[PDB]
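Chain by chain, the residues:
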Amino acid sequence: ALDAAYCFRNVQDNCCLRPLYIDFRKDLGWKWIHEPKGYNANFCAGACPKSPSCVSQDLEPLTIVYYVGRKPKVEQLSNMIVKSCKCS
Ligand SMILES: [Ca+2]
């Protein structure tokens, strides 16, 4: 698939997964997530052979930490990480 294993290895103008690190506090303005400080969300871009767009395919969740007062709470966020792309 058009995932990290294939794309991050060989550069190409074609549709592929692209690295992208997001800092929750600094980029999104989020004060809610205390751990991790950020994560690799990645994204999709590139030439597609109608004329498709390079878009996400499979998504993965992210486990984070938020607070109710001072108390740490664990929670799985859905659709946070892009693991593969596709032409559609
Ligand atoms: Ca959840």
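Rules used throughout
Residues numbered from 1 in each chain as written, not as in the entry; some residues may be left out. Heavy atoms only, no water. Core = buried A, V, L, I, M, F, W, Y, C linked by side-chain atoms within 4.5 Å. Buried < 20%, exposed > 50% of the residue type's maximum accessible area, 1.4 Å probe, protein only. Contact = heavy atoms within 4.5 Å. Disulfide = S-S within 2.5 Å. UniProt positions renumbered as here; feature names shortened; annotations may be inferred. Helix = DSSP H or I, 4+ residues; strand = E, 2+ residues; numbered from the N terminus.

The record names X-ray crystallography as the way this model was obtained, at a resolution of 2.746 Å.

(A) Region of interest: the nonpolar core. Of all hydrophobic cores here, the largest spans 11 residues; its members are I22, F24, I33, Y39, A41, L62, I64, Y66, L77, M80 and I81. Discounting residues that sit within four places of it in the chain, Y39 has contacts with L20, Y21, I22, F24, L62, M80 and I81. Within the second largest apolar cluster, nine residues are counted, among which are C44, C48, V82 and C85.

(B) Local environment of the UniProt feature "disulfide bond" in the protein. A sulfur-sulfur distance of 2.0 Å is found between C7 and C16, whose disulfide is recorded in UniProt, and that is short enough to count the bridge as formed. As far as the burial class goes, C7 and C16 line up, both buried. Formation of the UniProt-listed bridge between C15 and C54 is supported by an S-S distance of 2.0 Å, under 2.5 Å. Residue class for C54 comes out buried when judged on its relative accessible area of 14%.

(C) The environment of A45, seen in detail. Here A45 lies in strand β6 (residues 43-45). The sequence separation of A45 and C16 amounts to 29 residues, and the corresponding C-alpha distance is 6.2 Å. If we ignore the near neighbours within four places in the chain, the residues touching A45 are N14, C15, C16, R18 and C54.

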